[PDB]
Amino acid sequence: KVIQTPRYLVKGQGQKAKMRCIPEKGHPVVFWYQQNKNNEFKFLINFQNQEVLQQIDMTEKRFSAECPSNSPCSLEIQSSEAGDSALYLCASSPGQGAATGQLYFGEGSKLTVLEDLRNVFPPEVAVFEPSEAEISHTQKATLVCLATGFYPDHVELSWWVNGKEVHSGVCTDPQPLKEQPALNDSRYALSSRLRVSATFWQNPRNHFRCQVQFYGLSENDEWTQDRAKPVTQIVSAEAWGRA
């Protein structure tokens, strides 16, 4: 697997955006691509060993990049334009190709450039216990997790049962909901469900925790406002089984 970091980036208009990438172990050719909202890839640059092969015209967007010798690959936009808010993909290939045959892609870096960072808000997290009517009707119990009022839409929601992360019975909304759809930068809401068995819920020794990882502002950033600095943080809500 090829590694891209940070997964999410939030930056102010004009601030620089550094993004790193680790190609697989003996892969010299590296590719940068810009994925837009319309699921469209746009080539940006490719480096073979330490040297750039081809790069796009910099008239519309100016950026730096480097793939040093035993140092991870990097892409750097120095002046943040809201026009460069996108998912940036890094790809590596053995050099051979085939053309794309040996092109292995990273998970991306979703960069969001804002004119006003005072819009950045962390989520509020709540857990809603299953319905007694649901348990009596079907012998299943569904827990709902609500991450509300966050901005931008850079979150990772996860469930934890008795301190262990769980995947069975989990469903997370593929995309967030704009709290105010008619606004331009309304804050976001995300819901998730974890369906367990009624007996598993009914055991009060069982602990359920919903974890929300928010991607925000770095410590090395300017905050003077009234409210607490919307930093990258983990916000959680919990519940115990009920007999």
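Don't overthink the numbering: it's just position in the shown sequence, from 1.
Asker: Using the B-factors recorded in the PDB entry, average over the C-alpha atoms of 217-225 and of 6-14, then report which stretch comes out higher.
Answerer: For C-alpha atoms only, the mean B-factor is higher in 217-225.
Asker: Which of the two stretches, 18-26 or 231-239, shows the higher mean Cα temperature factor in the record?
Answerer: Between 231-239 and 18-26, it is 18-26 that shows the higher mean C-alpha B-factor.
Asker: Highest Cα B-factor in the PDB entry belongs to which of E129, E134, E124, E81?
Answerer: Most elevated C-alpha B-factor of the set, per the entry: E81.
Asker: Going by the deposited entry, which of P94, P152, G169, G106 has the highest CA temperature factor?
Answerer: It is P94.
Asker: Please place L111 in the lowest, middle or highest third of its chain according to the CA B-factor in the PDB entry.
Answerer: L111: CA B-factor falls in the middle third of its chain.
Asker: Please rank the C-alpha B-factors of the chain's modelled residues and tell me whether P68 sits in the lowest, middle or highest third.
Answerer: Answer is highest: the recorded C-alpha B-factor places it there.
Asker: Ranking every modelled residue in this chain by its Cα temperature factor as given in the entry, which third contains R205?
Answerer: Ranked within chain, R205 CA B lands in the middle tercile.
Asker: Which third, lowest, middle or highest, does the CA B-factor of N49 fall in along this chain?
Answerer: Tercile = highest for this residue's CA B-factor.
Asker: Going by the entry, which third of its chain does the Cα temperature factor of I56 land in?
Answerer: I56: CA B-factor falls in the highest third of its chain.
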